[PDB]
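K.L.:
What follows is structure-v9.pdb; its format and atoms are PDB, C-alpha atoms.
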ATOM      1  CA  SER A   2     147.087 121.655 140.704
ATOM      2  CA  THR A   3     147.872 118.271 142.254
ATOM      3  CA  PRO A   4     147.968 117.018 145.857
ATOM      4  CA  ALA A   5     151.755 117.425 145.696
ATOM      5  CA  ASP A   6     151.552 121.051 144.549
ATOM      6  CA  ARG A   7     149.135 121.934 147.352
ATOM      7  CA  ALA A   8     151.163 120.033 149.951
ATOM      8  CA  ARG A   9     154.339 121.735 148.715
ATOM      9  CA  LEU A  10     152.689 125.143 149.094
ATOM     10  CA  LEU A  11     151.899 124.376 152.744
ATOM     11  CA  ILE A  12     155.323 122.795 153.302
ATOM     12  CA  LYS A  13     157.060 125.993 152.164
ATOM     13  CA  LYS A  14     155.063 127.805 154.863
ATOM     14  CA  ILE A  15     155.997 125.512 157.789
ATOM     15  CA  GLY A  16     159.308 125.528 159.632
ATOM     16  CA  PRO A  17     161.084 122.964 161.813
ATOM     17  CA  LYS A  18     159.047 123.633 164.972
ATOM     18  CA  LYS A  19     155.612 122.604 163.676
ATOM     19  CA  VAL A  20     157.059 119.769 161.579
ATOM     20  CA  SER A  21     158.879 118.242 164.528
ATOM     21  CA  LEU A  22     155.912 118.697 166.867
ATOM     22  CA  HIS A  23     153.809 116.621 164.437
ATOM     23  CA  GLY A  24     156.388 113.919 163.790
ATOM     24  CA  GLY A  25     158.000 114.857 160.483
ATOM     25  CA  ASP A  26     161.634 114.870 159.377
ATOM     26  CA  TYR A  27     162.709 118.416 158.592
ATOM     27  CA  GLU A  28     165.749 117.582 156.450
ATOM     28  CA  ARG A  29     163.407 115.802 154.034
ATOM     29  CA  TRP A  30     160.829 118.586 154.479
ATOM     30  CA  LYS A  31     163.417 121.251 153.643
ATOM     31  CA  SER A  32     164.415 119.647 150.337
ATOM     32  CA  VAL A  33     160.813 118.825 149.400
ATOM     33  CA  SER A  34     160.030 122.540 149.722
ATOM     34  CA  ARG A  39     159.296 115.119 145.729
ATOM     35  CA  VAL A  40     156.296 115.093 148.172
ATOM     36  CA  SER A  41     155.674 111.735 150.028
ATOM     37  CA  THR A  42     152.535 110.349 151.800
ATOM     38  CA  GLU A  43     154.428 110.916 155.119
ATOM     39  CA  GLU A  44     154.395 114.720 154.441
ATOM     40  CA  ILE A  45     150.602 114.569 153.812
ATOM     41  CA  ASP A  46     150.171 112.840 157.215
ATOM     42  CA  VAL A  47     152.185 115.546 158.993
ATOM     43  CA  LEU A  48     150.414 118.349 157.110
ATOM     44  CA  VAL A  49     147.009 116.960 158.100
ATOM     45  CA  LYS A  50     148.281 116.777 161.678
ATOM     46  CA  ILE A  51     149.417 120.413 161.538
ATOM     47  CA  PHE A  52     146.364 121.618 159.581
ATOM     48  CA  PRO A  53     143.467 119.182 160.067
ATOM     49  CA  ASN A  54     141.303 121.854 158.415
ATOM     50  CA  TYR A  55     143.338 121.497 155.184
ATOM     51  CA  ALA A  56     142.818 117.753 154.637
ATOM     52  CA  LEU A  57     140.144 118.039 151.944
ATOM     53  CA  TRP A  58     141.950 120.884 150.180
ATOM     54  CA  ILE A  59     145.299 119.066 150.035
ATOM     55  CA  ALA A  60     143.681 115.925 148.631
ATOM     56  CA  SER A  61     141.266 117.515 146.156
ATOM     57  CA  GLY A  62     141.731 121.279 145.875
ATOM     58  CA  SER A  63     138.171 121.745 147.154
ATOM     59  CA  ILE A  64     137.101 123.307 150.443
ATOM     60  CA  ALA A  65     134.048 122.700 152.635
ATOM     61  CA  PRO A  66     133.960 125.326 155.402
ATOM     62  CA  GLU A  67     130.537 123.936 156.332
ATOM     63  CA  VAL A  68     132.445 121.146 158.104
ATOM     64  CA  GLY A  69     135.616 123.030 159.055
ATOM     65  CA  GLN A  70     137.561 122.205 155.876
ATOM     66  CA  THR A  71     139.211 125.320 154.447
ATOM     67  CA  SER A  72     142.406 126.444 152.678
ATOM     68  CA  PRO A  73     145.358 128.730 153.459
ATOM     69  CA  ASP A  74     143.989 131.409 151.118
ATOM     70  CA  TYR A  75     140.460 130.999 152.483
ATOM     71  CA  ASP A  76     141.668 131.378 156.081
ATOM     72  CA  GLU A  77     143.688 134.487 155.218
ATOM     73  CA  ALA A  78     140.810 135.930 153.194
ATOM     74  CA  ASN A  79     138.438 135.198 156.081
ATOM     75  CA  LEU A  80     140.482 137.023 158.734
ATOM     76  CA  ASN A  81     139.185 140.599 158.405
ATOM     77  CA  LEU A  82     135.706 139.577 157.222
TER      78      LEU A  82
ATOM     79  CA  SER B   2     145.428 104.608 160.378
ATOM     80  CA  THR B   3     147.468 106.823 158.053
ATOM     81  CA  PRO B   4     146.772 108.324 154.614
ATOM     82  CA  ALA B   5     148.863 105.485 153.164
ATOM     83  CA  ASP B   6     146.837 102.781 154.922
ATOM     84  CA  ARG B   7     143.556 104.256 153.682
ATOM     85  CA  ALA B   8     144.901 104.762 150.158
ATOM     86  CA  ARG B   9     146.234 101.194 150.157
ATOM     87  CA  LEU B  10     142.807  99.886 151.171
ATOM     88  CA  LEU B  11     141.233 101.633 148.169
ATOM     89  CA  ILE B  12     144.107 100.607 145.884
ATOM     90  CA  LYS B  13     143.535  96.928 146.702
ATOM     91  CA  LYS B  14     139.937  97.431 145.538
ATOM     92  CA  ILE B  15     140.735  99.006 142.136
ATOM     93  CA  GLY B  16     141.916  97.132 139.062
ATOM     94  CA  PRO B  17     143.733  98.209 135.895
ATOM     95  CA  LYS B  18     140.666  99.651 134.136
ATOM     96  CA  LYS B  19     139.843 102.443 136.600
ATOM     97  CA  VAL B  20     143.523 103.157 137.291
ATOM     98  CA  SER B  21     144.340 103.592 133.619
ATOM     99  CA  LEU B  22     141.214 105.658 132.950
ATOM    100  CA  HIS B  23     142.391 108.118 135.634
ATOM    101  CA  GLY B  24     146.029 108.248 134.577
ATOM    102  CA  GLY B  25     147.836 105.894 136.946
ATOM    103  CA  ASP B  26     150.511 103.271 136.321
ATOM    104  CA  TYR B  27     149.152  99.842 137.184
ATOM    105  CA  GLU B  28     152.486  98.039 137.578
ATOM    106  CA  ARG B  29     153.315 100.444 140.409
ATOM    107  CA  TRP B  30     149.712 100.218 141.659
ATOM    108  CA  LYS B  31     149.875  96.415 141.741
ATOM    109  CA  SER B  32     152.999  96.314 143.916
ATOM    110  CA  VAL B  33     151.779  99.131 146.176
ATOM    111  CA  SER B  34     148.698  97.015 146.914
ATOM    112  CA  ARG B  39     154.938 102.157 149.397
ATOM    113  CA  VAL B  40     152.066 104.613 148.564
ATOM    114  CA  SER B  41     153.104 107.799 146.594
ATOM    115  CA  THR B  42     151.346 111.211 146.164
ATOM    116  CA  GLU B  43     150.654 110.147 142.517
ATOM    117  CA  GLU B  44     148.406 107.287 143.820
ATOM    118  CA  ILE B  45     146.491 109.801 146.015
ATOM    119  CA  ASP B  46     145.880 111.960 142.897
ATOM    120  CA  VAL B  47     144.519 108.984 140.941
ATOM    121  CA  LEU B  48     142.415 107.784 143.886
ATOM    122  CA  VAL B  49     140.843 111.233 144.261
ATOM    123  CA  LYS B  50     140.159 111.173 140.522
ATOM    124  CA  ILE B  51     138.494 107.755 140.807
ATOM    125  CA  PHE B  52     136.709 108.552 144.091
ATOM    126  CA  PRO B  53     136.361 112.331 144.494
ATOM    127  CA  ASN B  54     134.006 111.529 147.386
ATOM    128  CA  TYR B  55     136.895 109.849 149.267
ATOM    129  CA  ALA B  56     139.307 112.810 149.295
ATOM    130  CA  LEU B  57     138.686 113.887 152.892
ATOM    131  CA  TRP B  58     138.665 110.303 154.166
ATOM    132  CA  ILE B  59     141.960 109.372 152.489
ATOM    133  CA  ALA B  60     143.686 112.469 153.863
ATOM    134  CA  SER B  61     142.259 112.469 157.392
ATOM    135  CA  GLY B  62     140.165 109.378 158.120
ATOM    136  CA  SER B  63     137.140 111.637 158.647
ATOM    137  CA  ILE B  64     134.009 111.814 156.510
ATOM    138  CA  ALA B  65     131.602 114.681 155.816
ATOM    139  CA  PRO B  66     128.587 113.338 153.899
ATOM    140  CA  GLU B  67     127.032 116.788 154.335
ATOM    141  CA  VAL B  68     129.258 117.867 151.429
ATOM    142  CA  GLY B  69     129.505 114.569 149.541
ATOM    143  CA  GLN B  70     132.628 113.297 151.329
ATOM    144  CA  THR B  71     132.186 109.682 152.427
ATOM    145  CA  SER B  72     134.150 106.423 152.782
ATOM    146  CA  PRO B  73     134.073 102.948 151.212
ATOM    147  CA  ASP B  74     132.497 101.488 154.360
ATOM    148  CA  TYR B  75     130.035 104.376 154.639
ATOM    149  CA  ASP B  76     128.930 103.955 151.012
ATOM    150  CA  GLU B  77     128.466 100.201 151.448
ATOM    151  CA  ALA B  78     126.660 100.697 154.758
ATOM    152  CA  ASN B  79     124.441 103.329 153.129
ATOM    153  CA  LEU B  80     123.298 101.131 150.229
ATOM    154  CA  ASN B  81     120.284  99.339 151.741
ATOM    155  CA  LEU B  82     119.380 102.174 154.126
TER     156      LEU B  82
END
Can you turn what I pasted into structure tokens?
P.N.:
Amino acid sequence: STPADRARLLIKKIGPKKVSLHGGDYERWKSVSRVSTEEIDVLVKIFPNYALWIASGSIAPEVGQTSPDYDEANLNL
Amino acid sequence: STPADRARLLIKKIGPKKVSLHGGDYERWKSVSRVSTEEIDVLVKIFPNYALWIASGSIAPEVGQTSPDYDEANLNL
């Protein structure tokens, strides 16, 4: 996986409300769902806990850095 | 600062050798020094310890995530 793949996965999950609250352009967002640095900035704003995962594919819950799958998996635990 | 600003700072520091060893295109790299997702992938490959900082501006040395200034500041310590 690449930073673009992981960003795109998150982007597919977000709708216009969260995008616009964090300063992104939805019409670009909609078609991206290629990925730009702008989209990474907005994603980090929406999900500060996903910064490390977007960039590297790694997590570090020790410091609050997780993933969408980790957070879902960690709900009922 | 944005992810692009922090990537650009690193990009200015790297030359053709490290870029090409990690799969980037230097001619694009040279002019970037706007930033693309591709450049983030290569930067994370060159500096896996800078993934969190590029994406968010935060560090987490607890898990090996630092910054160029942190690493320099932590040399003689």
K.L.:
Can you move chain A onto chain B by a least-squares fit over all C-alpha atoms paired in order, then give me the moved copy as an mmCIF file with C-alpha atoms, in the frame of the given file?
P.N.:
data_model
loop_
_atom_site.group_PDB
_atom_site.id
_atom_site.type_symbol
_atom_site.label_atom_id
_atom_site.label_comp_id
_atom_site.auth_asym_id
_atom_site.auth_seq_id
_atom_site.Cartn_x
_atom_site.Cartn_y
_atom_site.Cartn_z
ATOM 1 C CA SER A 2 145.429 104.608 160.378
ATOM 2 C CA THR A 3 147.468 106.823 158.053
ATOM 3 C CA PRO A 4 146.773 108.324 154.615
ATOM 4 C CA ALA A 5 148.863 105.486 153.164
ATOM 5 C CA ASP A 6 146.837 102.782 154.922
ATOM 6 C CA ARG A 7 143.556 104.257 153.682
ATOM 7 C CA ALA A 8 144.901 104.762 150.158
ATOM 8 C CA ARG A 9 146.235 101.194 150.157
ATOM 9 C CA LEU A 10 142.807 99.887 151.171
ATOM 10 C CA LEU A 11 141.233 101.632 148.169
ATOM 11 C CA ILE A 12 144.107 100.607 145.884
ATOM 12 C CA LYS A 13 143.535 96.927 146.702
ATOM 13 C CA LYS A 14 139.936 97.430 145.538
ATOM 14 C CA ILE A 15 140.736 99.006 142.136
ATOM 15 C CA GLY A 16 141.916 97.132 139.062
ATOM 16 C CA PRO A 17 143.732 98.209 135.895
ATOM 17 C CA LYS A 18 140.666 99.652 134.136
ATOM 18 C CA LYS A 19 139.843 102.443 136.600
ATOM 19 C CA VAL A 20 143.523 103.156 137.291
ATOM 20 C CA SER A 21 144.340 103.592 133.619
ATOM 21 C CA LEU A 22 141.214 105.658 132.950
ATOM 22 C CA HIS A 23 142.391 108.118 135.635
ATOM 23 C CA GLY A 24 146.029 108.247 134.577
ATOM 24 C CA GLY A 25 147.836 105.894 136.946
ATOM 25 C CA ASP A 26 150.511 103.271 136.321
ATOM 26 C CA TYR A 27 149.152 99.842 137.184
ATOM 27 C CA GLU A 28 152.486 98.039 137.578
ATOM 28 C CA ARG A 29 153.315 100.445 140.409
ATOM 29 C CA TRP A 30 149.712 100.218 141.659
ATOM 30 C CA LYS A 31 149.875 96.415 141.741
ATOM 31 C CA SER A 32 152.999 96.313 143.916
ATOM 32 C CA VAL A 33 151.779 99.131 146.176
ATOM 33 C CA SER A 34 148.697 97.015 146.914
ATOM 34 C CA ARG A 39 154.938 102.157 149.396
ATOM 35 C CA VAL A 40 152.067 104.613 148.564
ATOM 36 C CA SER A 41 153.103 107.799 146.594
ATOM 37 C CA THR A 42 151.346 111.211 146.165
ATOM 38 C CA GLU A 43 150.654 110.147 142.517
ATOM 39 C CA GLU A 44 148.406 107.287 143.820
ATOM 40 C CA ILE A 45 146.490 109.800 146.015
ATOM 41 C CA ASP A 46 145.880 111.960 142.897
ATOM 42 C CA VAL A 47 144.519 108.984 140.941
ATOM 43 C CA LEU A 48 142.415 107.784 143.886
ATOM 44 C CA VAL A 49 140.843 111.233 144.261
ATOM 45 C CA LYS A 50 140.159 111.173 140.522
ATOM 46 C CA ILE A 51 138.494 107.756 140.807
ATOM 47 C CA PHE A 52 136.709 108.552 144.091
ATOM 48 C CA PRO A 53 136.361 112.331 144.495
ATOM 49 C CA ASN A 54 134.006 111.529 147.386
ATOM 50 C CA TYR A 55 136.895 109.849 149.267
ATOM 51 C CA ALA A 56 139.307 112.810 149.295
ATOM 52 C CA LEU A 57 138.686 113.887 152.892
ATOM 53 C CA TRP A 58 138.665 110.304 154.166
ATOM 54 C CA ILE A 59 141.961 109.372 152.489
ATOM 55 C CA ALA A 60 143.686 112.469 153.863
ATOM 56 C CA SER A 61 142.259 112.468 157.392
ATOM 57 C CA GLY A 62 140.165 109.379 158.120
ATOM 58 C CA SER A 63 137.140 111.637 158.647
ATOM 59 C CA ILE A 64 134.009 111.814 156.510
ATOM 60 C CA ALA A 65 131.602 114.680 155.816
ATOM 61 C CA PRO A 66 128.587 113.338 153.899
ATOM 62 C CA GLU A 67 127.031 116.788 154.335
ATOM 63 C CA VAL A 68 129.258 117.867 151.429
ATOM 64 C CA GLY A 69 129.505 114.569 149.540
ATOM 65 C CA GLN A 70 132.628 113.297 151.330
ATOM 66 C CA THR A 71 132.186 109.682 152.427
ATOM 67 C CA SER A 72 134.150 106.423 152.781
ATOM 68 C CA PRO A 73 134.073 102.948 151.212
ATOM 69 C CA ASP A 74 132.497 101.487 154.360
ATOM 70 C CA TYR A 75 130.035 104.376 154.639
ATOM 71 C CA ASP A 76 128.930 103.955 151.012
ATOM 72 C CA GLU A 77 128.467 100.201 151.448
ATOM 73 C CA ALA A 78 126.659 100.697 154.757
ATOM 74 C CA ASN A 79 124.441 103.329 153.129
ATOM 75 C CA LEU A 80 123.297 101.131 150.229
ATOM 76 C CA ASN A 81 120.284 99.339 151.741
ATOM 77 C CA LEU A 82 119.380 102.175 154.126
#
K.L.:
Mind giving me the straight-line distance from CA of residue 34 (chain B) to CA of residue 9 (chain B) in Å, one decimal?
P.N.:
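Atom-to-atom, CA of residue 34 (chain B) and CA of residue 9 (chain B) are spaced 5.8 Å apart.
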K.L.:
Can you work out which one of B:46, B:6, B:74, B:28 has the shortest atom-to-atom distance to residue 60 (chain A), counting only C-alpha atoms?
P.N.:
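Ranking B:46, B:6, B:74, B:28 by distance to residue 60 (chain A), first place goes to B:46.
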K.L.:
Using only C-alpha atoms, find the residues of chain A whose closest atom to chain B is at most 9 Å away, then write them as number ranges by chain.
P.N.:
A: 3-5, 39-43, 45-46, 49-50, 53, 56-61, 65, 67-68, 70
K.L.:
Box in all listed atoms of region 28-43 of chain A, axis-aligned, with 6 Å more on each side; write out centre and edge lengths in Å to one decimal as lines of an AutoDock Vina configuration file.
P.N.:
center_x = 159.1
center_y = 116.4
center_z = 151.1
size_x = 25.2
size_y = 24.2
size_z = 22.7
K.L.:
Using all atoms listed in the file, which of the listed residues (B:51, B:80, B:15, B:10) sits closest to residue 27 (chain B)?
P.N.:
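Of B:51, B:80, B:15, B:10, the one nearest residue 27 (chain B), counting all atoms listed in the file, is B:15.
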K.L.:
What is the CA of residue 73 (chain B) to CA of residue 52 (chain B) distance in Å?
P.N.:
9.4 Å
K.L.:
Would you work out the distance separating CA of residue 30 (chain B) from CA of residue 14 (chain B), expressed in Å to one decimal?
P.N.:
10.9 Å
